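A.B. asks: Next up is a structure, given as structure tokens.
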Amino acid sequence: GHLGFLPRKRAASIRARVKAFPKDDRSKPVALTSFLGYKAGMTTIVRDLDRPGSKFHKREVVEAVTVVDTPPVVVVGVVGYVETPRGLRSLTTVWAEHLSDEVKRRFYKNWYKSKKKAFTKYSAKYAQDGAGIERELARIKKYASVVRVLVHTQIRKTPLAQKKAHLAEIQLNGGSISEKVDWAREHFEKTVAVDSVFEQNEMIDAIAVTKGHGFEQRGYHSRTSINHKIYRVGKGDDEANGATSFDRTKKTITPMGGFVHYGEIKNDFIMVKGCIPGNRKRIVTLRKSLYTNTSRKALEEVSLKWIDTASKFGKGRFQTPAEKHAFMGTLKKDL
Amino acid sequence: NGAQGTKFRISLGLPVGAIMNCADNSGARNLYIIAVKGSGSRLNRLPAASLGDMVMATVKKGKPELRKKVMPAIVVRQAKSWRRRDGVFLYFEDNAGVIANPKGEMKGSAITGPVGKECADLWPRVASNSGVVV
Amino acid sequence: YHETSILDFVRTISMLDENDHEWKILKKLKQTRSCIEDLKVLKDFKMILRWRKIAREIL
Amino acid sequence: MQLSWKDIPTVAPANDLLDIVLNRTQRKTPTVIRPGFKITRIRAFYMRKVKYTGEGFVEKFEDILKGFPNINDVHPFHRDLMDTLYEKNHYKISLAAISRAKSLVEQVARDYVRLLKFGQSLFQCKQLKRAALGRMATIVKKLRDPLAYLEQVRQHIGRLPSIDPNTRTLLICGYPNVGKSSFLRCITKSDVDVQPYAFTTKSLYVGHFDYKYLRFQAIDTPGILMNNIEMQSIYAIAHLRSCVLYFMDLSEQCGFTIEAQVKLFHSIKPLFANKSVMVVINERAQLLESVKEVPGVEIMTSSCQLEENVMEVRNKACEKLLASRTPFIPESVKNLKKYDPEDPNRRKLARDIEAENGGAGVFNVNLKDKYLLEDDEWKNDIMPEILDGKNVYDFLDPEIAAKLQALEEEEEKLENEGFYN
Amino acid sequence: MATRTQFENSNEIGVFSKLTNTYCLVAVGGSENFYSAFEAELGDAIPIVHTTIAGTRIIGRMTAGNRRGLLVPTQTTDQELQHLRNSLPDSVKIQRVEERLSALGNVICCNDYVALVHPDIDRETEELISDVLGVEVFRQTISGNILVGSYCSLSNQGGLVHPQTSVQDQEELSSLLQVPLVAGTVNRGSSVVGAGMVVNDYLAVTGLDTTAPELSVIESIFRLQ
Amino acid sequence: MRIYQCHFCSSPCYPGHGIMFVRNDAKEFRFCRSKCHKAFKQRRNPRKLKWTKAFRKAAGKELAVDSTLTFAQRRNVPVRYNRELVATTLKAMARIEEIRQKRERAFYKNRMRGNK
RNA sequence: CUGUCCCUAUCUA
RNA sequence: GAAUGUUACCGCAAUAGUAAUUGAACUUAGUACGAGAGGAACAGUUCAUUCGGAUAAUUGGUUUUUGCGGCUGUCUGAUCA
């Protein structure tokens with residue numbers, strides 16, 4: 001067993017809030033420290049191994065990498081945290097005066113019966129001659145010692161049927177807390193690209209709730225996995241995302257017939273080797289190593305050779321419908 | 001001695017008490033596994049060998065000279081499916097092994113039958129006496 | 001490894017070149033070549049036995 | 001072993017050995033009991049502790065006996081060498097003392113264990129155990145002198161040379177103070193200065209050298225003029241199969257006259273006559289004719305202050321001991337200069353490039369820019385090798401343009417006939 | 001004349017590398033001291049190619065060839081073949097061989113004029129070896145030893161047979177090849193002469209453990225000096 | 001990387017997928033899925049299964065031999081890897097794939113025409 | 001020769 | 001699971017527990033040491049045994065998919081089923 005993981009009780013919520021954030025270099029440029037996403041099945045990857053010393057140097061190796069759907073994240077507010085003897089305290093919060101229907105639904109448990117008066121009063125007062133928002137911004141700039149940004153996922157841009165977004169706070173690691181809120185102000189109602197927070201070969205640590213198992217209570221507990229390298233970052237509009245520099249085949253990373261228990265990838269996604277806690281359709285948050293863990297394995301780049309995108313349901317001998325048609329040829333139902 | 005690298009955790013399917021054909025012209029017919037050197041002692045686990053592993057075995061069949069004696073043996077065939085680094089899973093025709101001194105020098109002048117790539121790359125002397133590598 | 005000329009199977013059961021005129025004649029029969037040499041890969045032995053019997057009857 | 005007994009375990013003195021044994025007994029075994037405990041339980045506990053103490057003593061004594069080599073049961077050369085340094089009878093008596101102590105300890109432990117089981121009370125059992133421990137301590141205590149002697153001889157034997165009489169060898173003999181070790185310095189790796197006083201070398205020195213690829217080594221001796229230092233040389237000369245070289249000083253050095261040296265050599269002749277002797281001279285020279293009366297001895301007139309004849313003597317000693325379609329070579333290889341390791345301007349090997357780049361575990365050899373190509377512009381090979389699930393390597397070939405043109409011609413000849421409709 | 005080295009604290013010099021009169025092959029590893037030694041002994045005089053065979057570091061045993069051509073087993077990947085072609089001049093032929101005896105280095109002992117092969121090798125492979133390498137091929141076994149390549153080293157200047165070679169077998173081999181042959185040992189009495197060292201018309205590399213008399217015998221039999 | 005052809009089914013075998021078997025003859029049997037491996041274990045004849053590509057080729061249900069299939073010859077002689085050669089080979093492969101599709105469609109139409 | 005076991009996993013009422 | 005106006009969202013942390021473990025492959029090493037015999041180590045990298053948390057991307061196992069196809073037997077007068 002492992003007494004450190006006890007109690008093995010149910011998680012507080014599906015969204016496992018991040019307990020700790022990486023170091024805060026107050027001189028670096030403002031940037032986000034975490035990103036949201038949804039697990040989308042898994043796939044096999046074969047690539048060369050540029051790793052001196054290892055016997056498999058200059059050799060191809062088969063590996064399994066998970067695929068997480070990461071639609072562009074949109075910022076809706078910021079949180080200012082002051083330092084107190086009883087720990088960090090949130091003194092105030094602000095909003096963008098405009099909230100997508102997803103977050104508005106997130107604030108209601110019975111949406112269709114609700115009057116949808118989520119933020120009408122606050123928005124009306126926001127449209128005054130200031131003095132209500134600038135006051136809070138100045139208060140945060142003065143007293144707050146650390147600033148966190150509130151964002152939500154674009155569920156309506158996801159093939160899932162949840163139709164509800166999840167609020168999450170992300171710490172800002174870069175410039176002084178005044179520069180932090182100044183940068184946040186320019187990003188209210190804006191969207192942050194997935195490739196801006198992470199890049200290829202970068203190591204990340206995932207945090208999510210694992211698959212539940214019911215009475216044995218087992219599963220459905222929060223877990224953290226560290227030292228996961230990013231193999232490739234793609235975009236929904238970037239056709240042939242599964243086309244490596246070698247494969248160069250105009251095929252998307254989405255498996256033939258769609259993912260198992262999941263839809264199709266038509267948005268930005270992050271590819272990282274190994275598995276991640278949780279299952280498909282589970283919301284996952286991504287952190288970056290919590291520290292300078294830049295080992296040789298992290299430092300070395302991973303030049304992808306081929307990406308598996310065959311039919312994950314059952315088995316598969318072809319990666320695209322064109323290959324199946326060419327190999328099988330014409331059929332009775334074709335003509 | 002004999003080894004040329006660090007062990008790779010391939011699938012294990014040859015626990016203690018197993019019998020495998022002696023794939024060499026040393027005259028031995030089969031080798032009986034009594035222990036697996038270098039293995040970990042788990043609770044109630046039977047030490048399990050694999051391709052490229054050095055284990056101690058006794059010649060249960062063959063000429064009387066080799067009978068009743070114990071000498072180190074190197075596994076050349078496992079017959080159990082295992083994951084090679086080159087994607088596809090493979091398994092050999094049947095279990096087989098060779099007898100050699102702890103220094104890796106084979107007792108037989110030449111090995112017969114297919115030889116696992118992992119064992120050949122880990123035991124240079126075995127590859128020297130091998131004629132069919134995979 | 002075991003390798004034997006199945007062409008000489010006429011003179012043989014324990015097991016289970018077109019230059020020679022005998023094999024050319026035996027090939028003219030409606031039988032046969034597709035999988036005769038694939039013994040290890042092959043109940044098909046019955047067809048091989050029937051072909052051997054036919055060859056013996058012819059010769 | 002037989003070469004150098006450096007592996008003998010340290011012989012802890014009586015006080016140290018007893019302390020170690022008692023500490024082991026007190027630590028490993030339990031020591032908590034009560035009068036209310038079962039009588040059989042207390043008896044078993046005390047018996048187990050006594051047996052553990054006895055077993056520890058027996059193990060220590062057995063290890064000491066086994067590690068130490070039995071002088072009588074060793075090679076005669078090594079036997080006599082040890083006898084000269086350590087009196088053989090005294091060493092045997094010391095070993096017998098340890099054996100007797102071990103036997104007494106075993107007998108005491110057995111007798112007390114037999115008696116201990118009958119203890120009717122906790123106090124009686126404790127008294128019996130204390131008596132057994134006192135007996136063991138007294139047996140160990142009496143061994144203080146033999147234990148100290150064993151420790152001293154162990155600490156001295158480890159540094160002894162690993163002489164190999166069976167191997168062909170040469171022995172440097174002669175009078176003391178004749179610079180006999182100077183020849184050793186200039187013929188082997190040994191290091192002993194002239195030290196103009198005679199008895200610099202209180203122990204034999206050995207040095208290795210190779211001639212005609214055959215292994216050889218030289219043994220130095222203090223010299224002869226009835227003492228341990230001189231006595232050990234006699235057995236080395238006799239038992240060893242090595243040839244013996246006699247050193248003589250043809251000068252005022254060492255004070256001994258040439259006549260005295262010649263007379264001494266003749267007097268000791270009956271002992272090394274069969275060793276294929278040689279004489280090196282480090283009216284005066286007329287007496288050398290008498291020395292030459294022995295057919296097997298030469299006269300190497302020399303002076304050990306330099307290498308005037310050491311080079312020739314090295315080969316002479318070894319000789320005396322032994323007496324007892326056409327190929328294709330590319331012009332590039334013949335023209336390329338040899339890689340001079342000491343020259344800083346030598347061609348930089350992969351080792352230098354790796355060192356300039358980093359450690360062996362971080363620098364990766366790049367095969368690009370090394371292999372030849374039609375054009376070096378695209379040296380960064382990025383060969384896809386896959387196209388729509390098809391193996392390009394199965395299609396890569398030159399002059400495929402003609403095949404494609406033929407296929408196009410076939411397509412044209414088939415389309416005009418209306419094959420497809 | 002000859003050189004004594006060790007690869008990754010190993011004495012099987014010939015197992016991890018192959019040497020010819022016009023090219024050399026070495027394994028891949030972080031510690032390139034083997035490559036550094038090869039460059040010191042040969043440098044830019046002849047190409048030095050890093051190439052693995054089916055991912056194995058025993059390329060010296062998996063592949064066999066001469067100055068006129070090189071042979072690789074079926075298990076060799078197409079990428080490895082392409083790299084070999086790029087790194088090797090067109091004057092040396094490269095031809096993949098499909099045979100049961102994949103251990104070409106252990107099954108085929110070949111020099112620039114004559115080669116020995118395992119008798120069980122099929123006729124097609126023997127013909128391919130004769131054509132591509134342009135050398136005579138004869139089925140033979142050194143004193144009953146089946147693995148001629150591992151237990152025999154051949155070169156235009158001479159050849160070294162395993163110590164247990166019968167005198168009659170030595171004379172027969174010398175007559176077949178016409179070059180002098182003398183029984184000997186390498187790696188301080190190692191019976192695998194063809195694995196512990198490599199030799200060409202002008203260069204010989206042996207294990208560091210090789211004794212000085214063994215080095216002298218190797219030089220004399222090959223007429224280095 | 002190599003997209004091997006299954007010994008039994010003749011279908012492509014991408015890396016990782018399928019299983020392999022080693023025979024004493026040094027040949028390797030590649031199976032795209034557990035179905036083919038189990039069928040081979042029972043020693044069933046591939047030429048007697050209605051769904052095996054070998055049976056279809058022998059049965060004549062598909063074009064057994066065509067000019068476009070000669071380009072896929074296993075070439076054991078490597079090439080100097082000229083970029084112009086690479087581009088020409090890629091274009092030729094695409095055109096040959098299109099021509100093979102057209103010829104297969106024509107063959108199917110010829111085999112189908114007549115069902116009056 | 002067998003899931004007694006290495007080492008447990010799965011289905012049914 | 002009521003409770004502190006009600007309802008919902010995002011949060012800090014006093015507190016209780018805690019975890020990783022040991023080995024081996026190579027430059028350094030045939031270097032210091034050493035007559036020889038043998039033969040270190042730091043810094044660096046690469047792997048491994050046991051233990052623990054997860055996943056099914058490939059493979060092994062499992063079928064009231066009963067999903068398909070066949071087989072011994074009988075019934076719907078039989079065949080289709």
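Identifiers in the structure tokens: chain A, B, ... in order shown; residue index from 1 per chain; ligand index from 1 in order shown.
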Please identify which residues in segment 118-193 of chain D DSSP calls strand (DSSP E or B) from the backbone, and express them as a PyMOL selection string.

C.D. replies: chain D and resi 170-174

A.B. asks: Counting only C-alpha atoms, collect the residues of chain D whose closest atom lies at most 7 Å from chain E, and write them out as JSON, numbers by chain.

C.D. replies: {"D": [213, 326, 327, 328, 329, 332, 333, 336, 339, 349, 350, 351, 360, 361, 364, 371, 372, 373, 393]}

A.B. asks: Would you output that residue set with N, CA and C atoms, as a compact mmCIF listing (two decimals), in the first residue's frame?

C.D. replies:
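Result saved to selection-v3.txt:
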# COMPACT_ATOMS: atom_id res chain seq x y z
N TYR D 213 60.19 -11.41 -25.49
CA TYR D 213 58.78 -11.60 -25.17
C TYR D 213 58.56 -12.63 -24.07
N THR D 326 47.87 -10.49 -55.58
CA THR D 326 48.79 -9.78 -54.71
C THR D 326 47.99 -8.90 -53.77
N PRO D 327 48.55 -8.58 -52.60
CA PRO D 327 47.82 -7.71 -51.66
C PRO D 327 47.61 -6.32 -52.24
N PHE D 328 46.51 -5.69 -51.83
CA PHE D 328 46.13 -4.36 -52.30
C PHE D 328 46.21 -3.39 -51.12
N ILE D 329 47.01 -2.34 -51.27
CA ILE D 329 47.16 -1.32 -50.25
C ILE D 329 46.87 0.04 -50.88
N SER D 332 46.44 6.08 -50.26
CA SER D 332 46.09 7.05 -49.23
C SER D 332 46.67 6.64 -47.88
N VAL D 333 46.60 5.35 -47.55
CA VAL D 333 47.13 4.89 -46.27
C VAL D 333 48.63 5.14 -46.19
N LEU D 336 49.14 9.08 -45.81
CA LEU D 336 48.67 9.74 -44.60
C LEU D 336 49.69 9.57 -43.48
N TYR D 339 49.22 9.36 -36.61
CA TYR D 339 48.62 10.22 -35.60
C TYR D 339 49.57 10.30 -34.40
N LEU D 349 40.79 14.10 -33.42
CA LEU D 349 39.98 12.90 -33.50
C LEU D 349 38.58 13.18 -32.95
N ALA D 350 37.71 12.17 -33.04
CA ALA D 350 36.37 12.31 -32.48
C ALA D 350 36.41 12.55 -30.98
N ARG D 351 37.44 12.04 -30.30
CA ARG D 351 37.56 12.26 -28.86
C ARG D 351 37.70 13.75 -28.55
N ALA D 360 30.58 12.38 -22.55
CA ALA D 360 30.20 11.28 -23.43
C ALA D 360 28.71 11.00 -23.39
N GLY D 361 28.03 11.34 -22.29
CA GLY D 361 26.60 11.12 -22.16
C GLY D 361 25.73 12.24 -22.66
N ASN D 364 26.27 13.62 -28.94
CA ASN D 364 25.78 12.60 -29.86
C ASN D 364 26.48 12.76 -31.20
N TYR D 371 28.73 11.19 -44.63
CA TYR D 371 28.49 10.36 -45.79
C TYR D 371 28.54 11.19 -47.07
N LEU D 372 28.95 10.55 -48.16
CA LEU D 372 29.05 11.22 -49.44
C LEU D 372 27.68 11.36 -50.09
N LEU D 373 27.58 12.31 -51.01
CA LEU D 373 26.34 12.55 -51.74
C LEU D 373 26.67 13.24 -53.05
N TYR D 393 10.81 2.90 -50.42
CA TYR D 393 12.02 2.14 -50.72
C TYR D 393 11.77 1.05 -51.75

A.B. asks: Using only C-alpha atoms, what table do you get, as JSON lines, when you list each residue of chain C with an atom no more than 12 Å from chain E, its nearest pair of atoms, and their distance in Å rounded to one decimal, rows by chain then rising number?

C.D. replies:
{"residue": "C:1", "atom": "CA", "partner": "E:100", "partner_atom": "CA", "distance": 9.3}
{"residue": "C:2", "atom": "CA", "partner": "E:120", "partner_atom": "CA", "distance": 11.2}
{"residue": "C:3", "atom": "CA", "partner": "E:120", "partner_atom": "CA", "distance": 10.6}

A.B. asks: Tell me which protein, DNA and RNA residues are within 9 Å of segment 215-220 of chain D, counting only C-alpha atoms (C1' of nucleotides), leaving out same-chain ones fewer than 3 positions away, and put them as a PyMOL selection string.

C.D. replies: (chain D and resi 163+167-173+180-181+184+187-188+201+203-212+223+242+318) or (chain H and resi 35-36)

A.B. asks: Would you list the contacts of segment 61-63 of chain F as a PyMOL selection string, taking every protein, DNA or RNA residue within 10 Å and counting only C-alpha atoms (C1' of nucleotides), but skipping same-chain residues closer than 2 positions in sequence?

C.D. replies: (chain A and resi 328-330) or (chain F and resi 53-59+65-66+100+103-108+111)

A.B. asks: Generate the output file for the selected residues, N, CA, C and O atoms, as a JSON list (two decimals), in the first residue's frame.

C.D. replies:
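Saved result, result29.json, follows:
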[["chain", "number", "residue", "atom", "x", "y", "z"],
["A", 328, "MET", "N", -8.47, -2.59, -50.81],
["A", 328, "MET", "CA", -9.64, -3.44, -51.06],
["A", 328, "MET", "C", -10.18, -3.25, -52.48],
["A", 328, "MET", "O", -10.75, -4.19, -53.04],
["A", 329, "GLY", "N", -10.01, -2.06, -53.05],
["A", 329, "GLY", "CA", -10.53, -1.79, -54.38],
["A", 329, "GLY", "C", -12.03, -1.55, -54.37],
["A", 329, "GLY", "O", -12.67, -1.41, -53.33],
["A", 330, "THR", "N", -12.58, -1.51, -55.58],
["A", 330, "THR", "CA", -14.02, -1.31, -55.73],
["A", 330, "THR", "C", -14.78, -2.51, -55.19],
["A", 330, "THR", "O", -14.27, -3.63, -55.11],
["F", 53, "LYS", "N", -6.39, -12.47, -49.50],
["F", 53, "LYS", "CA", -5.99, -11.88, -50.78],
["F", 53, "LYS", "C", -5.37, -12.92, -51.70],
["F", 53, "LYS", "O", -5.53, -12.83, -52.92],
["F", 54, "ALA", "N", -4.67, -13.91, -51.14],
["F", 54, "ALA", "CA", -4.10, -14.97, -51.96],
["F", 54, "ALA", "C", -5.19, -15.74, -52.68],
["F", 54, "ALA", "O", -5.06, -16.06, -53.87],
["F", 55, "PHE", "N", -6.28, -16.06, -51.98],
["F", 55, "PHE", "CA", -7.39, -16.77, -52.62],
["F", 55, "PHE", "C", -8.00, -15.93, -53.73],
["F", 55, "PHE", "O", -8.29, -16.44, -54.82],
["F", 56, "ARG", "N", -8.21, -14.64, -53.48],
["F", 56, "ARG", "CA", -8.79, -13.77, -54.50],
["F", 56, "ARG", "C", -7.89, -13.70, -55.73],
["F", 56, "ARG", "O", -8.38, -13.76, -56.86],
["F", 57, "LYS", "N", -6.58, -13.58, -55.53],
["F", 57, "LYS", "CA", -5.66, -13.57, -56.66],
["F", 57, "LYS", "C", -5.73, -14.88, -57.42],
["F", 57, "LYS", "O", -5.81, -14.90, -58.66],
["F", 58, "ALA", "N", -5.68, -16.01, -56.70],
["F", 58, "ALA", "CA", -5.78, -17.31, -57.36],
["F", 58, "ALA", "C", -7.16, -17.52, -57.97],
["F", 58, "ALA", "O", -7.28, -18.04, -59.09],
["F", 59, "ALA", "N", -8.22, -17.11, -57.26],
["F", 59, "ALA", "CA", -9.58, -17.29, -57.76],
["F", 59, "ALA", "C", -9.91, -16.38, -58.93],
["F", 59, "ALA", "O", -10.91, -16.62, -59.61],
["F", 65, "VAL", "N", -2.03, -9.96, -61.92],
["F", 65, "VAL", "CA", -0.77, -9.34, -62.33],
["F", 65, "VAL", "C", -1.08, -8.12, -63.19],
["F", 65, "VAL", "O", -1.98, -8.15, -64.03],
["F", 66, "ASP", "N", -0.33, -7.05, -62.97],
["F", 66, "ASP", "CA", -0.49, -5.82, -63.74],
["F", 66, "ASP", "C", 0.86, -5.11, -63.81],
["F", 66, "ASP", "O", 1.75, -5.34, -62.98],
["F", 100, "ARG", "N", -3.40, 2.36, -61.06],
["F", 100, "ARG", "CA", -3.79, 1.07, -60.50],
["F", 100, "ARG", "C", -5.25, 1.08, -60.08],
["F", 100, "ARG", "O", -5.97, 0.10, -60.29],
["F", 103, "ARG", "N", -7.26, 0.82, -63.30],
["F", 103, "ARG", "CA", -7.19, -0.51, -63.89],
["F", 103, "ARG", "C", -7.97, -1.52, -63.07],
["F", 103, "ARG", "O", -8.61, -2.42, -63.63],
["F", 104, "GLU", "N", -7.93, -1.41, -61.74],
["F", 104, "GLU", "CA", -8.72, -2.30, -60.90],
["F", 104, "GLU", "C", -10.21, -2.08, -61.13],
["F", 104, "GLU", "O", -10.99, -3.04, -61.20],
["F", 105, "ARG", "N", -10.63, -0.82, -61.27],
["F", 105, "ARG", "CA", -12.03, -0.54, -61.58],
["F", 105, "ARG", "C", -12.42, -1.14, -62.93],
["F", 105, "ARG", "O", -13.50, -1.72, -63.07],
["F", 106, "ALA", "N", -11.55, -1.00, -63.93],
["F", 106, "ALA", "CA", -11.84, -1.57, -65.24],
["F", 106, "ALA", "C", -11.94, -3.09, -65.17],
["F", 106, "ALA", "O", -12.83, -3.69, -65.80],
["F", 107, "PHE", "N", -11.03, -3.73, -64.43],
["F", 107, "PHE", "CA", -11.08, -5.19, -64.29],
["F", 107, "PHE", "C", -12.36, -5.63, -63.60],
["F", 107, "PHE", "O", -12.99, -6.61, -64.00],
["F", 108, "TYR", "N", -12.77, -4.91, -62.55],
["F", 108, "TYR", "CA", -14.01, -5.24, -61.86],
["F", 108, "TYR", "C", -15.20, -5.08, -62.80],
["F", 108, "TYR", "O", -16.11, -5.93, -62.81],
["F", 111, "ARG", "N", -15.26, -8.02, -65.12],
["F", 111, "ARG", "CA", -15.74, -9.22, -64.44],
["F", 111, "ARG", "C", -17.23, -9.11, -64.11],
["F", 111, "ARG", "O", -17.91, -10.14, -64.01]]

A.B. asks: Quick one: DSSP alpha helix (DSSP H) residues in chain F, as a ChimeraX atom specification?

C.D. replies: /F:34-41,53-59,83-112

A.B. asks: Within 7 Å of chain F, which residues of chain D show up when using only C-alpha atoms, listed as an MDAnalysis selection string?

C.D. replies: chainID D and resid 373:374 391 394:398 404 420

A.B. asks: Take the residues from that selection and write them out as a short mmCIF file (atom, residue, chain, number, x, y, z; two decimals), in the first residue's frame, keeping N, CA, C and O atoms.

C.D. replies:
data_model
loop_
_atom_site.label_atom_id
_atom_site.label_comp_id
_atom_site.auth_asym_id
_atom_site.auth_seq_id
_atom_site.Cartn_x
_atom_site.Cartn_y
_atom_site.Cartn_z
N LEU D 373 27.58 12.31 -51.01
CA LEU D 373 26.34 12.55 -51.74
C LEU D 373 26.67 13.24 -53.05
O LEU D 373 27.75 13.81 -53.22
N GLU D 374 25.72 13.18 -53.99
CA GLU D 374 25.90 13.87 -55.26
C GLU D 374 26.02 15.37 -55.06
O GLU D 374 26.85 16.03 -55.70
N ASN D 391 5.49 1.78 -49.21
CA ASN D 391 6.92 1.82 -48.94
C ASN D 391 7.63 2.46 -50.13
O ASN D 391 7.65 1.89 -51.22
N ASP D 394 10.53 0.55 -51.83
CA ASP D 394 10.18 -0.44 -52.84
C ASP D 394 10.00 0.17 -54.22
O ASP D 394 9.87 -0.57 -55.20
N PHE D 395 10.00 1.50 -54.33
CA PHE D 395 9.86 2.19 -55.60
C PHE D 395 11.05 3.05 -55.97
O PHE D 395 11.21 3.38 -57.16
N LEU D 396 11.89 3.44 -55.01
CA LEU D 396 13.04 4.27 -55.31
C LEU D 396 13.97 3.56 -56.29
O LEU D 396 14.46 2.46 -56.01
N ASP D 397 14.20 4.18 -57.44
CA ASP D 397 15.05 3.60 -58.47
C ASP D 397 15.36 4.65 -59.54
O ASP D 397 14.52 5.53 -59.80
N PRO D 398 16.54 4.62 -60.15
CA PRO D 398 16.82 5.56 -61.25
C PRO D 398 16.10 5.15 -62.53
O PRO D 398 15.52 4.07 -62.64
N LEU D 404 7.67 5.35 -66.40
CA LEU D 404 6.46 6.17 -66.32
C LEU D 404 5.97 6.55 -67.71
O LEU D 404 4.76 6.57 -67.96
N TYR D 420 -12.23 2.04 -70.84
CA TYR D 420 -12.96 2.58 -69.70
C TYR D 420 -14.17 3.37 -70.20
O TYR D 420 -14.04 4.21 -71.10
#
